[PDB]
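> so I pulled this structure from the PDB, and the sequence comes with it:
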Amino acid sequence: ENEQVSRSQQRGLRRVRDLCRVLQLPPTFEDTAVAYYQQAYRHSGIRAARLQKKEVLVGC
DNA sequence: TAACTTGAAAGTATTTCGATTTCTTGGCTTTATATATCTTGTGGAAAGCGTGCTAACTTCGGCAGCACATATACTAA
């Protein structure tokens, strides 16, 4: 893995990690967040969505 | 040697006044279902500087270059 990933998904993951580190959440929280983000990205409706949509996806 | 009528002197009280609070209005958010269409929100796959120190031994150990010497072929007498 980490090779069949788009630049948009990579930016989303990096934003997730950045917000996690800003809120100072543990690495377990970081891992759970990235896992849930990947699980949500698996779907196509969220995959091909808006920029604000994917930002709110990071947030949620 | 007191007693009552003086005066400007306090609190003290209540009455209104500035102001901030409380009470009214809308209106949007959200729940589902599908009905339908413009441009512009993206997914994704490409592809056109910069340091320091040696950590020191051994014994290479080669080649760089160089370079010195000379044996030989060319030339003047």
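That came in fine, so what should we check first? Numbers count the residues shown, from 1 in each chain, chains lettered A, B, ... in the order given.
> point out the residues in chain A that sit beside DNA strand B.
With the criterion set to C-beta under 7 Å from any atom of the strand, chain A comes near DNA strand B through A:6, A:7, A:8, A:9, A:47, A:48, A:49, A:50, A:51, A:54. (C-beta placed from N, C-alpha, C; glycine too.)
> ranking by neighbours, what's the top pick from these?
residue A:54 (21 neighbours; other C-beta atoms under 10 Å).
> in chain A, where's the longest helix?
Scanning chain A for the longest helix, with DSSP state H as the assignment, gives helix A:7-23.
> run the chain-centre distance for that helix.
Chain-centre distance of helix A:7-23: 6 Å, with C-alpha atoms, centre = their mean, to the nearest Å.
> show me what counts as buried in it.
For helix A:7-23, a neighbour-count test (16 or more other C-beta atoms under 10 Å) marks A:12, A:13, A:15, A:16, A:17, A:20 as buried.
> what helices or strands is that helix leaning on?
Secondary structure elements in contact with helix A:7-23, counted by 3 or more C-beta pairs under 8 Å, 6 or more residues apart in numbering; DSSP states H and E, are helix A:27-41, helix A:51-59.
> contacts for the longest one?
Going back to what we said before, that points to helix A:27-41. With C-beta atoms under 8 Å, 6 or more residues apart in numbering as the test, helix A:27-41 has contacts from A:9, A:12, A:13, A:16, A:17, A:20, A:21, A:25, A:46, A:47, A:57, A:58.
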